[PDB]
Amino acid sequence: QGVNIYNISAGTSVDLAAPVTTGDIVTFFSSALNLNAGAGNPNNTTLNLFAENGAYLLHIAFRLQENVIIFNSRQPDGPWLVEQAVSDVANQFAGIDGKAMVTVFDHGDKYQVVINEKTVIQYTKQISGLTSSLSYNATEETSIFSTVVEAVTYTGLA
């Protein structure tokens, strides 16, 4: 078992030293929380788990203006697949201010997403595979998280 730490500036991605597979965990840590950020176009912030081939295994989109969190997947150079949506952004974060954490458990055929201590969705995968890189995209203006998001992975758990 191992712990890997990464620092992700908004708009960039990182390649993992250890891939995330079934039974593994990834937690994104934000040193800030701005639920009053400007409107998204349409996203304020997105967090993503990528396959080495470029596929979007899991796409987490926070949209304040639409007050919802979208979950989707997408083949390397393909169209976005079936969107799953959880309504009420601020409710998922309630209980903790000025910071936040987003955790994704890889349960084989589903991705469990947890905001702080709250389970937000049991996302049935539309695309399977090993997560080889992670990303955090947003503008320095309308992101709900800090400029740099810390990612910690817990691998080789199974």
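For every residue, the number given is its place in the sequence shown, counted from 1.
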property	result
59 to 67 versus 24 to 32 - greater average Cα B-factor per the deposited record	59 to 67
Selected stretch [higher average CA B-factor]: 89 to 97 or 109 to 117	89 to 97
Maximum C-alpha temperature factor, selected from 103, 46, 41, 133	41
Third of chain Cα B-factors occupied by residue 4	middle
Lowest, middle or highest third - CA B-factor, residue 12	lowest
CA B-factor placement of residue 143, once the chain's modelled residues are sorted into thirds	middle
